[PDB]
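The data block below is protein.txt; it holds compact mmCIF, C-alpha atoms.
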```
# COMPACT_ATOMS: atom_id res chain seq x y z
CA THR I 1 -3.31 68.50 -12.46
CA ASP I 2 -7.07 68.56 -11.99
CA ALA I 3 -8.43 68.93 -8.48
CA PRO I 4 -8.85 65.42 -7.01
CA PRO I 5 -12.51 64.41 -6.73
CA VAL I 6 -12.09 63.45 -3.05
CA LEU I 7 -9.51 65.08 -0.78
CA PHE I 8 -7.97 63.27 2.20
CA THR I 9 -6.37 65.15 5.08
CA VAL I 10 -5.09 64.51 8.60
CA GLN I 11 -6.73 66.14 11.62
CA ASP I 12 -4.45 65.13 14.50
CA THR I 13 -5.50 61.48 15.02
CA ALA I 14 -8.63 61.98 12.89
CA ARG I 15 -8.60 61.47 9.12
CA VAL I 16 -10.87 63.87 7.23
CA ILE I 17 -12.44 62.72 3.95
CA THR I 18 -13.84 65.64 1.96
CA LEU I 19 -16.00 65.31 -1.15
CA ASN I 20 -14.60 67.71 -3.76
CA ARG I 21 -17.07 67.89 -6.68
CA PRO I 22 -18.77 71.23 -5.94
CA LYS I 23 -20.09 71.78 -9.47
CA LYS I 24 -21.91 68.42 -9.29
CA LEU I 25 -23.10 68.93 -5.69
CA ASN I 26 -20.58 66.25 -4.63
CA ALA I 27 -22.20 63.56 -6.78
CA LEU I 28 -20.58 60.15 -6.25
CA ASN I 29 -19.03 58.45 -9.28
CA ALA I 30 -17.07 55.21 -9.48
CA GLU I 31 -13.79 57.11 -9.04
CA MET I 32 -14.86 58.80 -5.80
CA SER I 33 -16.35 55.60 -4.38
CA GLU I 34 -13.28 53.53 -5.26
CA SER I 35 -10.88 56.09 -3.76
CA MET I 36 -12.84 56.31 -0.51
CA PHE I 37 -13.28 52.54 -0.31
CA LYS I 38 -9.55 51.90 -0.70
CA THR I 39 -8.43 54.65 1.68
CA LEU I 40 -10.84 53.46 4.38
CA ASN I 41 -9.34 49.96 4.33
CA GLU I 42 -5.91 51.48 4.96
CA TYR I 43 -7.22 53.59 7.84
CA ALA I 44 -8.77 50.46 9.36
CA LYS I 45 -5.34 48.79 9.46
CA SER I 46 -3.62 51.89 10.84
CA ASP I 47 -2.99 52.19 14.58
CA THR I 48 -2.62 56.00 14.51
CA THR I 49 -6.13 56.81 13.20
CA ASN I 50 -8.85 56.86 15.87
CA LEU I 51 -11.83 58.11 13.86
CA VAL I 52 -12.78 59.33 10.38
CA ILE I 53 -14.78 62.41 9.42
CA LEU I 54 -16.72 62.40 6.14
CA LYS I 55 -17.57 65.97 5.10
CA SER I 56 -17.86 68.14 2.00
CA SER I 57 -15.90 71.17 0.81
CA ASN I 58 -19.10 72.77 -0.55
CA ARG I 59 -20.99 73.21 2.73
CA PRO I 60 -23.55 74.64 3.31
CA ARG I 61 -24.59 74.30 -0.34
CA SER I 62 -24.51 70.49 -0.38
CA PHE I 63 -22.90 67.46 1.22
CA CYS I 64 -23.85 64.90 -1.44
CA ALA I 65 -26.71 65.39 -3.90
CA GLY I 66 -26.70 61.67 -4.72
CA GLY I 67 -24.88 59.04 -6.74
CA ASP I 68 -24.03 59.99 -10.33
CA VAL I 69 -26.91 58.19 -12.03
CA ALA I 70 -27.03 60.51 -15.06
CA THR I 71 -23.74 58.95 -16.16
CA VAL I 72 -25.16 55.48 -15.49
CA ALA I 73 -28.09 56.37 -17.75
CA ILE I 74 -25.78 57.20 -20.65
CA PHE I 75 -24.08 53.84 -20.10
CA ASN I 76 -27.43 52.07 -20.45
CA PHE I 77 -28.18 54.00 -23.65
CA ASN I 78 -24.75 52.93 -24.95
CA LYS I 79 -25.09 49.34 -23.66
CA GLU I 80 -22.05 49.95 -21.42
CA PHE I 81 -23.62 47.70 -18.80
CA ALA I 82 -20.21 46.66 -17.46
CA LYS I 83 -19.50 50.30 -16.63
CA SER I 84 -22.87 50.65 -14.90
CA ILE I 85 -22.37 47.53 -12.78
CA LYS I 86 -18.94 48.86 -11.76
CA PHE I 87 -20.51 52.10 -10.52
CA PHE I 88 -22.97 50.22 -8.29
CA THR I 89 -20.48 47.62 -7.06
CA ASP I 90 -18.18 50.42 -5.90
CA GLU I 91 -20.88 52.56 -4.29
CA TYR I 92 -22.71 49.69 -2.59
CA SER I 93 -19.42 48.17 -1.43
CA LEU I 94 -18.48 51.52 0.12
CA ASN I 95 -21.86 51.70 1.87
CA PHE I 96 -21.27 48.20 3.25
CA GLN I 97 -17.79 49.16 4.46
CA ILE I 98 -19.11 52.22 6.29
CA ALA I 99 -21.90 50.22 7.93
CA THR I 100 -19.51 47.58 9.29
CA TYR I 101 -16.57 49.92 9.95
CA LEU I 102 -15.10 49.23 13.38
CA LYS I 103 -13.83 52.79 14.03
CA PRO I 104 -16.17 55.75 14.60
CA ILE I 105 -17.15 57.57 11.41
CA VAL I 106 -18.70 61.04 11.82
CA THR I 107 -20.55 62.43 8.80
CA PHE I 108 -21.26 66.17 8.63
CA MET I 109 -24.56 66.38 6.72
CA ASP I 110 -24.17 70.13 6.17
CA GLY I 111 -26.29 70.55 3.07
CA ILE I 112 -28.33 68.53 0.61
CA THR I 113 -27.95 64.87 1.63
CA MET I 114 -30.02 63.03 -0.98
CA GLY I 115 -29.53 59.57 -2.46
CA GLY I 116 -25.92 58.44 -2.31
CA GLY I 117 -25.43 61.08 0.36
CA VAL I 118 -27.93 59.23 2.53
CA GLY I 119 -25.84 56.10 2.09
CA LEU I 120 -22.79 58.00 3.33
CA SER I 121 -24.53 58.96 6.60
CA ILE I 122 -27.42 56.54 7.23
CA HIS I 123 -24.91 53.75 7.96
CA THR I 124 -22.90 55.73 10.55
CA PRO I 125 -24.03 55.99 14.20
CA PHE I 126 -22.68 59.58 14.20
CA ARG I 127 -24.57 61.39 11.42
CA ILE I 128 -24.68 65.08 12.35
CA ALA I 129 -27.32 67.36 10.82
CA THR I 130 -27.47 71.15 10.64
CA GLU I 131 -29.99 73.87 9.84
CA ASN I 132 -28.94 73.44 6.20
CA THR I 133 -29.59 69.68 6.10
CA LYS I 134 -32.05 68.53 3.40
CA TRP I 135 -32.56 64.77 3.55
CA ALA I 136 -34.56 63.15 0.75
CA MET I 137 -34.68 59.94 -1.30
CA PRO I 138 -35.93 61.17 -4.72
CA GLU I 139 -35.54 57.88 -6.60
CA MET I 140 -39.21 57.19 -7.38
CA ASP I 141 -39.24 60.18 -9.76
CA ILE I 142 -36.18 58.88 -11.67
CA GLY I 143 -37.45 55.31 -12.03
CA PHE I 144 -34.91 53.76 -9.64
CA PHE I 145 -35.29 52.11 -6.23
CA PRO I 146 -34.25 53.10 -2.70
CA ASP I 147 -30.60 52.05 -2.82
CA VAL I 148 -27.50 52.43 -0.60
CA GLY I 149 -29.07 50.15 2.00
CA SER I 150 -31.86 52.62 2.74
CA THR I 151 -34.30 49.68 2.87
CA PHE I 152 -32.28 48.21 5.77
CA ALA I 153 -31.59 51.47 7.65
CA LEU I 154 -34.79 53.54 7.52
CA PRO I 155 -37.04 50.67 8.74
CA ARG I 156 -34.70 50.28 11.74
CA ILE I 157 -33.79 53.85 12.76
CA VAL I 158 -36.87 56.04 12.20
CA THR I 159 -38.38 57.14 15.51
CA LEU I 160 -42.04 58.01 14.86
CA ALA I 161 -44.77 56.05 13.05
CA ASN I 162 -42.28 53.33 12.08
CA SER I 163 -43.64 50.32 13.97
CA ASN I 164 -44.23 48.48 10.67
CA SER I 165 -41.94 50.62 8.48
CA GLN I 166 -44.86 52.96 7.74
CA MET I 167 -42.74 56.12 7.95
CA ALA I 168 -39.85 54.44 6.13
CA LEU I 169 -42.22 53.63 3.27
CA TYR I 170 -43.55 57.19 3.34
CA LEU I 171 -40.12 58.75 2.79
CA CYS I 172 -38.96 56.21 0.20
CA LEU I 173 -42.20 56.16 -1.82
CA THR I 174 -43.03 59.89 -1.71
CA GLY I 175 -39.52 61.37 -1.87
CA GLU I 176 -40.38 63.95 0.78
CA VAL I 177 -37.54 66.29 1.74
CA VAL I 178 -36.84 66.59 5.47
CA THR I 179 -34.99 69.68 6.70
CA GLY I 180 -32.63 70.13 9.65
CA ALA I 181 -34.28 69.72 13.04
CA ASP I 182 -36.99 67.54 11.50
CA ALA I 183 -34.37 65.07 10.29
CA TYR I 184 -32.95 64.88 13.82
CA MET I 185 -36.36 64.32 15.41
CA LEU I 186 -37.28 61.57 12.92
CA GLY I 187 -34.05 59.65 13.54
CA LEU I 188 -32.45 60.50 10.19
CA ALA I 189 -29.74 62.43 12.06
CA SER I 190 -28.12 61.25 15.29
CA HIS I 191 -27.14 64.78 16.34
CA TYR I 192 -28.12 68.36 15.55
CA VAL I 193 -25.19 70.80 15.51
CA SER I 194 -25.15 74.35 14.17
CA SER I 195 -23.03 74.74 11.04
CA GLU I 196 -21.01 77.49 12.72
CA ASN I 197 -19.88 74.94 15.33
CA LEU I 198 -18.60 72.34 12.84
CA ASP I 199 -15.07 73.77 12.71
CA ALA I 200 -14.74 73.61 16.50
CA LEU I 201 -16.26 70.12 16.58
CA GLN I 202 -13.81 68.85 13.96
CA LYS I 203 -10.85 70.05 16.02
CA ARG I 204 -12.18 68.40 19.18
CA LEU I 205 -12.72 65.12 17.32
CA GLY I 206 -9.09 65.10 16.21
CA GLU I 207 -7.89 65.74 19.77
CA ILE I 208 -9.77 62.95 21.57
CA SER I 209 -8.03 59.58 21.79
CA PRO I 210 -8.82 56.23 23.44
CA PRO I 211 -7.57 56.23 27.05
CA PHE I 212 -5.10 53.83 28.66
CA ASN I 213 -5.17 50.41 26.89
CA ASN I 214 -8.41 50.83 24.91
CA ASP I 215 -8.36 50.76 21.12
CA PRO I 216 -10.51 53.14 19.04
CA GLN I 217 -12.73 50.16 18.13
CA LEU N 1 57.16 32.55 -21.76
CA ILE N 2 54.81 31.88 -24.69
CA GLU N 3 52.15 30.57 -22.30
CA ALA N 4 52.64 33.62 -20.07
CA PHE N 5 52.12 36.13 -22.89
CA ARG N 6 49.08 34.36 -24.32
CA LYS N 7 47.46 33.79 -20.92
CA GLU N 8 47.95 37.44 -19.99
CA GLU N 9 46.34 38.71 -23.19
CA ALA N 10 43.44 36.28 -22.74
CA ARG N 11 42.99 37.38 -19.13
CA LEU N 12 42.91 41.05 -20.15
CA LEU N 13 40.35 40.46 -22.90
CA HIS N 14 38.28 38.19 -20.67
CA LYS N 15 38.33 40.87 -17.96
CA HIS N 16 36.97 43.56 -20.28
CA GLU N 17 34.10 41.31 -21.35
CA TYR N 18 33.27 40.40 -17.75
CA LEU N 19 33.18 44.07 -16.73
CA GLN N 20 30.91 44.94 -19.66
CA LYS N 21 28.54 42.09 -18.79
CA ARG N 22 28.61 42.97 -15.08
CA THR N 23 27.91 46.66 -15.72
CA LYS N 24 24.94 45.90 -17.96
CA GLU N 25 23.52 43.55 -15.32
CA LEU N 26 23.95 46.18 -12.60
CA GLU N 27 22.25 48.73 -14.87
CA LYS N 28 19.32 46.39 -15.50
CA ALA N 29 19.02 45.59 -11.79
CA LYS N 30 19.04 49.30 -10.94
CA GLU N 31 16.20 49.94 -13.39
CA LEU N 32 14.19 47.06 -11.90
CA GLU N 33 14.87 48.20 -8.33
CA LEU N 34 13.87 51.76 -9.22
CA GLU N 35 10.71 50.50 -10.93
CA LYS N 36 9.73 48.65 -7.75
CA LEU N 37 10.34 51.82 -5.73
CA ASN N 38 8.12 53.82 -8.09
CA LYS N 39 5.39 51.16 -7.96
CA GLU N 40 2.33 52.49 -6.15
CA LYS N 41 1.33 50.54 -3.04
CA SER N 42 -1.90 50.62 -1.06
CA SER N 43 -0.12 52.28 1.87
CA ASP N 44 0.54 55.29 -0.37
CA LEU N 45 -3.13 56.23 0.03
CA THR N 46 -2.39 57.24 3.64
CA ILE N 47 0.33 59.71 2.57
CA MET N 48 -1.15 63.19 2.26
CA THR N 49 -0.61 64.82 -1.13
CA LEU N 50 -1.16 68.19 -2.83
CA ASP N 51 -0.39 67.10 -6.39
CA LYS N 52 -2.33 69.90 -8.08
CA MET N 53 -0.57 72.71 -6.20
```
As C-alpha cells:
Amino acid sequence: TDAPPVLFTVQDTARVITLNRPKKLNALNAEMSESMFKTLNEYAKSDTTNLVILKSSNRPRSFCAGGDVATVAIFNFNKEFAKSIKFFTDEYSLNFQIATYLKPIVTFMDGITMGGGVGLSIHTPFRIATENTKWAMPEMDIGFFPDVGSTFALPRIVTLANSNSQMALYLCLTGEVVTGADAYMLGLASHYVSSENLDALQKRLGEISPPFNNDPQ
Amino acid sequence: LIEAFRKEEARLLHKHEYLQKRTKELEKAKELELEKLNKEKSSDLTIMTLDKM
C-alpha cells in the first residue's frame, strides 16, 4: 500500500533502479539495501539484462544524502546492536556487489551524493555527475568513519594531489563538499552530463546491446 | 446368494469411505500445491510490479 522504498523498472534491455525516499533525501536503510542487493543478484543471472542504471526519483534535489545512520543511533541508545549490525552488513555487502558487478552499472549522481550515496557511485566505473552534483563525506562531524569502501576508492581514483592519498585524506578528514564540474575534474565522477540530457541518455543506454557473440560482461 | 448380498453391501460401504478419503487427500494436496505456487521465489524480484496503484 505504501510506496516501495526502491522502485525497479525495465528500460528495454536496461534495468533501472530508482531510490524512492524523497522525504529522507533517498537515505539508505536496511530495507532498501537488502532489496537492491537481492534484485542485483537476479539481474546478474539474467541473460536479457545488459546494464543497470542506479538513479533517484528526487533529482535534482538529491540522489542519496547518505546511509540512514540516525536510525542506527537510536539502535545504539536502545542496545539494539543486532539491528545496527544488520544495517551495515546489508549496506556494505551492496557496496561490495556493485564494485565487483560484472555488468556495467551507470549511476546518475543528479543531486546530493553524500555518504552512502558515494558508495553507490564510487564503486562504478560509470558514475555520471551533473551541475547539481554535491559530493561530500561528512562523517567526521557525526563521529563515524569514511565507510562504503571510500578508503579503498578515493586513494585510487582521485586525479590531483593524490600521489600519497593526500587529496583522499583531505576530503575524508575535512568533509569538504565538491560540486559538479569540480567532482568530474577530481576523479569523483567519470563523466559530466547536463541534467537535461539524462532522459535521452537513459533511453540510449537501454537501446545499446552487445554485438554478435559478445556478452554484456 | 447370502455371500452376494453381504459382499455387495460391504463393497458399497467400502466405496463411500474410499471416496471420502480420496477427496480429502486431493483437497489437502491442492492446498499444498497452491501454497507452493503462492510461495515467493527470488526470480519474482525481476517481475515488474505496481502494487500500490
TODO: Could you please tell me, as a list in words, which residues of chain N have an atom within 7 Å of chain I when using all atoms listed in the file?
DONE: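 Listed by rising number, the hits are residues 43, 45, 46, 48, 51 and 52 of chain N.
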TODO: May I ask for the distance between CA of residue 57 in chain I and CA of residue 40 in chain N, given in Å to one decimal place?
DONE: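 About the pair CA of residue 57 in chain I and CA of residue 40 in chain N: they are 27.0 Å apart.
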Open item on the list: What's around residue 192 in chain I at 8 Å? Count all atoms listed in the file, leave out sequence neighbours fewer than 2 positions away in its own chain, and write the answer as number ranges by chain.
Closed with: I: 128-130, 180-181, 184, 189-190, 194
Saved selection, atoms kept: C-alpha atoms, as a compact mmCIF listing (two decimals), keeping the file's coordinate frame:
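Output saved as again_38.txt:
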```
# COMPACT_ATOMS: atom_id res chain seq x y z
CA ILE I 128 -24.68 65.08 12.35
CA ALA I 129 -27.32 67.36 10.82
CA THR I 130 -27.47 71.15 10.64
CA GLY I 180 -32.63 70.13 9.65
CA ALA I 181 -34.28 69.72 13.04
CA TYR I 184 -32.95 64.88 13.82
CA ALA I 189 -29.74 62.43 12.06
CA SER I 190 -28.12 61.25 15.29
CA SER I 194 -25.15 74.35 14.17
```
Fewer than 6 positions away in the same chain doesn't count, so skip those; otherwise give me all residues within 10 Å of residue 210 in chain I, counting all atoms listed in the file, as a PDB file with C-alpha atoms, in the coordinates of the input.
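File written: around.pdb
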```pdb
ATOM      1  CA  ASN I  50      -8.850  56.860  15.870  1.00  0.00           C
ATOM      2  CA  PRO I 216     -10.510  53.140  19.040  1.00  0.00           C
ATOM      3  CA  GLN I 217     -12.730  50.160  18.130  1.00  0.00           C
TER       4      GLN I 217
END
```
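Relative to CA of residue 25 in chain I, CA of residue 90 in chain I is found at 19.2 Å.
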Task: Close residues, residue 198 in chain I itself excluded, 9 Å, all atoms listed in the file, min 5 positions apart in chain, as a PyMOL selection string - done: chain I and resi 108+110+193+203
Task: For residue 154 in chain I: contacts at 6 Å, all atoms listed in the file, fewer than 4 positions along chain excluded, given as a VMD selection string - done: chain I and resid 150 158 168
Task: Residue neighbourhood residue 164 in chain I, 10 Å, all atoms listed in the file, exclusion window fewer than 5 positions, as a ChimeraX atom specification - done: /I:155-156,169
Open item on the list: So the first atom is CA of residue 53 in chain N and the second is CA of residue 36 in chain N; what is the distance between them in Å, to one decimal place?
Closed with: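 These atoms are spaced 26.2 Å apart.
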Since the input is missing atoms, can you rebuild N, CA, C and O atoms for range 19-37 of chain I and write them as a PDB file, in the coordinates of the input?
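Dumped to rebuild05.pdb:
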```
ATOM      1  N   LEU I  19     -15.522  65.408   0.220  1.00  0.00           N
ATOM      2  CA  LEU I  19     -16.000  65.310  -1.150  1.00  0.00           C
ATOM      3  C   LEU I  19     -15.732  66.623  -1.879  1.00  0.00           C
ATOM      4  O   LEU I  19     -16.068  67.699  -1.375  1.00  0.00           O
ATOM      5  N   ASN I  20     -15.122  66.538  -3.062  1.00  0.00           N
ATOM      6  CA  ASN I  20     -14.600  67.710  -3.760  1.00  0.00           C
ATOM      7  C   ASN I  20     -15.112  67.771  -5.203  1.00  0.00           C
ATOM      8  O   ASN I  20     -14.340  67.875  -6.156  1.00  0.00           O
ATOM      9  N   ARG I  21     -16.432  67.701  -5.371  1.00  0.00           N
ATOM     10  CA  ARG I  21     -17.070  67.890  -6.680  1.00  0.00           C
ATOM     11  C   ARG I  21     -18.155  68.958  -6.546  1.00  0.00           C
ATOM     12  O   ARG I  21     -19.343  68.694  -6.752  1.00  0.00           O
ATOM     13  N   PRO I  22     -17.767  70.188  -6.196  1.00  0.00           N
ATOM     14  CA  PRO I  22     -18.770  71.230  -5.940  1.00  0.00           C
ATOM     15  C   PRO I  22     -19.721  71.491  -7.094  1.00  0.00           C
ATOM     16  O   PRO I  22     -20.918  71.705  -6.866  1.00  0.00           O
ATOM     17  N   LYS I  23     -19.224  71.486  -8.332  1.00  0.00           N
ATOM     18  CA  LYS I  23     -20.090  71.780  -9.470  1.00  0.00           C
ATOM     19  C   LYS I  23     -21.167  70.723  -9.666  1.00  0.00           C
ATOM     20  O   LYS I  23     -22.214  71.027 -10.246  1.00  0.00           O
ATOM     21  N   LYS I  24     -20.938  69.498  -9.196  1.00  0.00           N
ATOM     22  CA  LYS I  24     -21.910  68.420  -9.290  1.00  0.00           C
ATOM     23  C   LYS I  24     -22.620  68.161  -7.972  1.00  0.00           C
ATOM     24  O   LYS I  24     -23.252  67.112  -7.808  1.00  0.00           O
ATOM     25  N   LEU I  25     -22.526  69.097  -7.027  1.00  0.00           N
ATOM     26  CA  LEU I  25     -23.100  68.930  -5.690  1.00  0.00           C
ATOM     27  C   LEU I  25     -22.543  67.680  -5.011  1.00  0.00           C
ATOM     28  O   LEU I  25     -23.255  66.993  -4.274  1.00  0.00           O
ATOM     29  N   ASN I  26     -21.269  67.377  -5.260  1.00  0.00           N
ATOM     30  CA  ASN I  26     -20.580  66.250  -4.630  1.00  0.00           C
ATOM     31  C   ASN I  26     -21.171  64.912  -5.046  1.00  0.00           C
ATOM     32  O   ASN I  26     -21.175  63.959  -4.263  1.00  0.00           O
ATOM     33  N   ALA I  27     -21.682  64.822  -6.274  1.00  0.00           N
ATOM     34  CA  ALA I  27     -22.200  63.560  -6.780  1.00  0.00           C
ATOM     35  C   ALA I  27     -21.107  62.492  -6.729  1.00  0.00           C
ATOM     36  O   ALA I  27     -19.926  62.772  -6.950  1.00  0.00           O
ATOM     37  N   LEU I  28     -21.513  61.259  -6.439  1.00  0.00           N
ATOM     38  CA  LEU I  28     -20.580  60.150  -6.250  1.00  0.00           C
ATOM     39  C   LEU I  28     -20.501  59.332  -7.533  1.00  0.00           C
ATOM     40  O   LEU I  28     -21.500  58.753  -7.970  1.00  0.00           O
ATOM     41  N   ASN I  29     -19.311  59.288  -8.126  1.00  0.00           N
ATOM     42  CA  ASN I  29     -19.030  58.450  -9.280  1.00  0.00           C
ATOM     43  C   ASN I  29     -18.206  57.245  -8.840  1.00  0.00           C
ATOM     44  O   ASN I  29     -17.886  57.072  -7.662  1.00  0.00           O
ATOM     45  N   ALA I  30     -17.864  56.389  -9.805  1.00  0.00           N
ATOM     46  CA  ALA I  30     -17.070  55.210  -9.480  1.00  0.00           C
ATOM     47  C   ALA I  30     -15.693  55.606  -8.953  1.00  0.00           C
ATOM     48  O   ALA I  30     -15.155  54.949  -8.053  1.00  0.00           O
ATOM     49  N   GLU I  31     -15.109  56.674  -9.498  1.00  0.00           N
ATOM     50  CA  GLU I  31     -13.790  57.110  -9.040  1.00  0.00           C
ATOM     51  C   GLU I  31     -13.824  57.498  -7.570  1.00  0.00           C
ATOM     52  O   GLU I  31     -13.021  57.007  -6.768  1.00  0.00           O
ATOM     53  N   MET I  32     -14.748  58.385  -7.193  1.00  0.00           N
ATOM     54  CA  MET I  32     -14.860  58.800  -5.800  1.00  0.00           C
ATOM     55  C   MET I  32     -15.076  57.601  -4.883  1.00  0.00           C
ATOM     56  O   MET I  32     -14.388  57.444  -3.869  1.00  0.00           O
ATOM     57  N   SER I  33     -16.039  56.746  -5.226  1.00  0.00           N
ATOM     58  CA  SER I  33     -16.350  55.600  -4.380  1.00  0.00           C
ATOM     59  C   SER I  33     -15.133  54.696  -4.220  1.00  0.00           C
ATOM     60  O   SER I  33     -14.813  54.251  -3.112  1.00  0.00           O
ATOM     61  N   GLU I  34     -14.443  54.411  -5.325  1.00  0.00           N
ATOM     62  CA  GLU I  34     -13.280  53.530  -5.260  1.00  0.00           C
ATOM     63  C   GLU I  34     -12.184  54.139  -4.387  1.00  0.00           C
ATOM     64  O   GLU I  34     -11.591  53.450  -3.550  1.00  0.00           O
ATOM     65  N   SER I  35     -11.903  55.431  -4.570  1.00  0.00           N
ATOM     66  CA  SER I  35     -10.880  56.090  -3.760  1.00  0.00           C
ATOM     67  C   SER I  35     -11.215  55.998  -2.277  1.00  0.00           C
ATOM     68  O   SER I  35     -10.371  55.616  -1.459  1.00  0.00           O
ATOM     69  N   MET I  36     -12.449  56.351  -1.911  1.00  0.00           N
ATOM     70  CA  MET I  36     -12.840  56.310  -0.510  1.00  0.00           C
ATOM     71  C   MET I  36     -12.810  54.890   0.033  1.00  0.00           C
ATOM     72  O   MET I  36     -12.387  54.656   1.170  1.00  0.00           O
ATOM     73  N   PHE I  37     -13.260  53.923  -0.769  1.00  0.00           N
ATOM     74  CA  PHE I  37     -13.280  52.540  -0.310  1.00  0.00           C
ATOM     75  C   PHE I  37     -11.873  52.033  -0.027  1.00  0.00           C
ATOM     76  O   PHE I  37     -11.642  51.340   0.971  1.00  0.00           O
TER      77      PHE I  37
END
```
